[PDB]
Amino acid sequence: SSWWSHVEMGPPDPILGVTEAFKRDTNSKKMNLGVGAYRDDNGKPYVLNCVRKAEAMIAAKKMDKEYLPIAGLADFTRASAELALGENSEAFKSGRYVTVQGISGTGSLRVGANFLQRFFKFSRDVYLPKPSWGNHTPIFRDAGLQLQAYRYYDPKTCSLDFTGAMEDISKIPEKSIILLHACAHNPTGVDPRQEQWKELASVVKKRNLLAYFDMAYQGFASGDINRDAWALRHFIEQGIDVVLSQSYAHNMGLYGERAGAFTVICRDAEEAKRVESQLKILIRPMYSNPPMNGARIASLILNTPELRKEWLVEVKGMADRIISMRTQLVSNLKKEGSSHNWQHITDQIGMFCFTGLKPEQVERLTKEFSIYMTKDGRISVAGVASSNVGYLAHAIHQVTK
């Protein structure tokens, strides 16, 4: 008996673990449809054009590698707030916000949760949608808060249970915390309608709840970044001071570089200055200062007019491709002779499809076809190419037939 004789074998991550299992298969037709990672039409990792050029400017410039302030690159930080808020926004304009570079979306989310654990004195409860991204639970749980839930998806109907959502939300206790996905809800791919959003705003406002927005997919819901930030902006303009986490992993394909941010909307710039100070104190003993490569690339794209415009064409091109794969999948299914209604596939937005396959079917897909996906029936359509869409549809059909 040594120090760790009692430490048990823990299980593999429900999402991340999918790539580990995928890595090992020798089937040359294998497809990794687990994690949400964009693939180009050859079904290959895609580094955006603007990223490649950003990198080149960085090189050419022969920049140092000195430590960044605890809060991140100022240019990156100011530019992210602006991307979420919009440049004409009163909040942005008045400087009633504090944005801090974070370790991608996950990193930002945990900085937020930790912040909240420490300073949100009105409650310990965070309300998550049913269902929500698997990692939201443990993020809030490790930070020290309690998890609760509100109704959201209706599997019978493959859409939003708006009556249920509103019931639950109208009953959450005042001053509690509610988490909302800004756009391209994960994993359902179903977002509230503008009108629907207008109504949630009212109830949140009315019950005096802290709204925590998770904005991991800005530009993937419609293909337009301002349009994808609507609800978030609408909330702030209604007088709701939200907290928000942003990720650049998918919309800029910076996955492993880990670039993201966490923002707090405050009452004044003076308030923002004191929040900033406490966020630095929290981050110092966590990881000291954040990773520079992803933030330098992102800042350069966002702040360089030609790079930004190129970026936006690129985000549009990515979203479009996802659409075409959705379309073709459905068509292939009909073509294979599938009886089922696959309309939800083309109805859903974002990088995935919440298919509805049962765990026995998910299991067969992996073992007979070497198609890896999460156990809840979620598949990343973003990772399908023109060359294997046929393979996918045949498989889905066989296991469903």
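Residue numbers here begin at 1 and follow the sequence given.
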property: Residue range whose averaged C-alpha B-factor is higher in the record, 332-340 or 63-71; result: 332-340
property: Mean Cα B-factor comparison, 345-353 or 50-58, giving the higher one as deposited; result: 50-58
property: Residue of maximum C-alpha B factor among 129, 144, 138, 291, per deposited coordinates; result: 291
property: Highest recorded Cα temperature factor - choice among 214, 224, 271, 306; result: 306
property: B-factor third for the C-alpha atom of residue 382 within its chain; result: middle
property: Residue 95 CA temperature factor, ranked by third within the chain; result: highest
property: Residue 37, C-alpha B-factor rank within chain (lowest, middle or highest third); result: middle
property: Third assignment of residue 106 from its chain's C-alpha B-factors; result: middle
property: Ranked against its chain, the third holding the CA B-factor of residue 253; result: lowest
